[PDB]
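As structure tokens, the next two blocks hold two forms of the same chain, structure 1 and structure 2.
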Structure 1
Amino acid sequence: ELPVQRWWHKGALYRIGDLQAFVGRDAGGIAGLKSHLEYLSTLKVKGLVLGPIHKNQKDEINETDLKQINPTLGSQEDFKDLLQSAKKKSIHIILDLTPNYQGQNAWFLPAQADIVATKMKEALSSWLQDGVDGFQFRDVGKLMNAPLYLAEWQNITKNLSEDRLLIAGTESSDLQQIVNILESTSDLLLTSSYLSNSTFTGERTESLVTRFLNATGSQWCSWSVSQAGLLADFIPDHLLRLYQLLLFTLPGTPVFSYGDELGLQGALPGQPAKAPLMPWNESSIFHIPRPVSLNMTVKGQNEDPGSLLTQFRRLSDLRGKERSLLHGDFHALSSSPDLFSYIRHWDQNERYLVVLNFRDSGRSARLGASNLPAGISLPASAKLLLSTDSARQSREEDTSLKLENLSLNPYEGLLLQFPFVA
């Protein structure tokens, strides 16, 4: 019996930690973000996770004001105007209130926790009256009594409306710490390093995903590779296309950071640790932290049928409109050792079969469905909607493949579709 579907069930979240770096040098952070809403609408993302953007004098709790925007970025009025323009595109806005975000310990000192908590309660009220759709809180492993504070902040948020969302982020990849936070709260999303603490094999990927769902009784969750960092900084280069397919087709809300749709990478370890500039085009002004070529830029990837940006737009469109991906069940198939394969299914809608080859060579799928719920078995063939191999994509798209003899090319991911049979 299906719960009411809230705005975050309908597709991806998109994090913008450093508004000025996202926007560039031509405008101030809040106004400038407003001019990119049309680009963000083309990605079909359902929400933006912003900031933090508040006043925070490093490690000085009494020169930190969670209710005031940093004036370099804009005014309260600019913010309110941003929220209204986003709402005309059906894009919701989450605010990151991590308090000491400019210092080393982002939650101030342990001794200071009750002062933080008093400040935070006042801030949640003020921001919820200004029209935000919810809140994000990062590095929650550095927050004392995190489960208790998160529960309390959740209750204040939900008290106004169940359409308000809370997101927590951790540096941890440890399943037992992750489960402990989730048990303390209800319908909280928790982002983490869980999916990027990996050997990046077929078997390890299967094992990570199935153990997490089993440990949480398959409740609604987020899927991410970090609480903040870029996908191309956490995941091997050969797997960027494959991991995009995975995050879009697992059951739950996928969460990305700005630039993930391009394969952007962040600062190198000799450079200052600063968020990278979003490379709108190949102009010099965008060349921090690395020089960028046309093919690493929004302008370049926008007309390329082979680009990561083109695959993001395609998958995001399908995620927002097909019921089996909106809120379908998940079943893991058995497959050869280098593969992970699974299906998504709702009622009598089109089913989806995902097959992912984690090896640099041709592999037989050997798909098995030995244990499968009444109502669903595998067909003999299925239609190919998408391959990560853009060569095959230009000449086999919308064609049909026999499942029993399915073969994958090196590092290939497949999205296949099959119908309900009466």
Structure 2
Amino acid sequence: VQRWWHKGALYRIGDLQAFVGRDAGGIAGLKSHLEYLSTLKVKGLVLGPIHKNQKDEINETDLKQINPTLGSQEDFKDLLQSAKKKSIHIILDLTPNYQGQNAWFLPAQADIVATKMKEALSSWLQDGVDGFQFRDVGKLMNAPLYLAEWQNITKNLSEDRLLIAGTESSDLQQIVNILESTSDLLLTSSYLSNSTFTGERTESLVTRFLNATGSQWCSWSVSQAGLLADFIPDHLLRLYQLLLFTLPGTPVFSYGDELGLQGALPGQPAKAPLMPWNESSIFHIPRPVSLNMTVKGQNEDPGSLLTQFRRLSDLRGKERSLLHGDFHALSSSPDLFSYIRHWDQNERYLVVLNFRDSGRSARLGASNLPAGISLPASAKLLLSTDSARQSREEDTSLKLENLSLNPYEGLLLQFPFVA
């Protein structure tokens, strides 16, 4: 027994029209792609905003009214019920002025927005949504105060409901202040995107954040909204996927992260790309390479990002050590980030990430770990992020004492408790 959002990853769908295409309506069309979303083993969808919003007009913004373009209240109830049968929960983004520049309207209108929000929360909770997301909270007067109020409003009406806050900030102290204002609040940020992307820096960022948030259940993301491939260098995409799935807490992705999908170029209007189901909804990729960069294309491809995402997401869903296990960093070679996931006597998971573009010895040091956690002579390789090695050594025994990693390679190894 744990909260539903502990049990796997969250999957952000900002533009329901872009995720579906021109074929169907946003809400109705989203229902038909639930089978696919089940293969990813995502526990929650963070949809929208879907509400009526006249750009920068507070009185022509209704958080309870769905944009008729996307569908009807009836279409949305179908989605909630369809998802519930698949054990998938629905989070609704209620960022009010999402069509305009100032996401929360003018700072002086915070009080009017908050009353509109209070009313919205009750109505959607009744309708049967399981949580809410609030982005650009850096642009909200007294964000700590209002997030707290909205948590109280949500908790007063039910216990098992999730609130997600978003920010553009990559600053540790700013992020902690928002986290501490409200209990059981996930917070997405640019913390893990503001980096040299060196092993020591990645290790530093992760260990410093866990030291600041202590016992609280953390979330792990690279932004509050955008695609992972827009913030993380291409050569680290597989390494970051592994990192995000295996750190203690709830990993948060946007649609296309499983494909390595990129958003608008620095010379385009910043708006979400089409989910490339097949080649009839891809852009900037010609034949024959286009065959490799769709959902249908990566589906059967053993070495694709979609296969790694499904494999790691599946493990994250069913392994007790990955579900709610403690974390212990290991001493290793410079720019290798190694750590252990462990729960009671359940299978230990050893993660070793090489952030250097060269062969490197892990030189794992486990001397300061708690009693009952000791590295064995050898351990089972579940997944290497190096497709070459994965196709040769998946589910094989590797000697840990002389363990070496390929350039930008990530290893997930498994070993049992010894009685």
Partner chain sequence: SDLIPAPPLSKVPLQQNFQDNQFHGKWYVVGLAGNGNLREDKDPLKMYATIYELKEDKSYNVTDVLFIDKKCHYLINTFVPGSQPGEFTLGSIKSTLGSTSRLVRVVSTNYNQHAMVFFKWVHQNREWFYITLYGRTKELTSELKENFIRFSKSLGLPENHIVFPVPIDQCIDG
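Structure 1's sequence is the ruler for residue numbers, which start at 1. The term rigid core refers to the maximal set of C-alpha atoms that superpose within 1.5 Å between the two forms.
Engineer: Assuming the other structure does not fit, state which one is the form deposited without the partner chain.
Structural biologist: Answer 1, the form deposited without the partner chain.
Engineer: Align on the core first; then indicate which of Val298, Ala228, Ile288, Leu213 has a CA shift of 2 angstroms or more between structures 1 and 2.
Structural biologist: Just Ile288.
Engineer: Please give the CA displacement of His327 between structures 1 and 2, in Å, after core superposition.
Structural biologist: Here the C-alpha difference is 0.3 Å.
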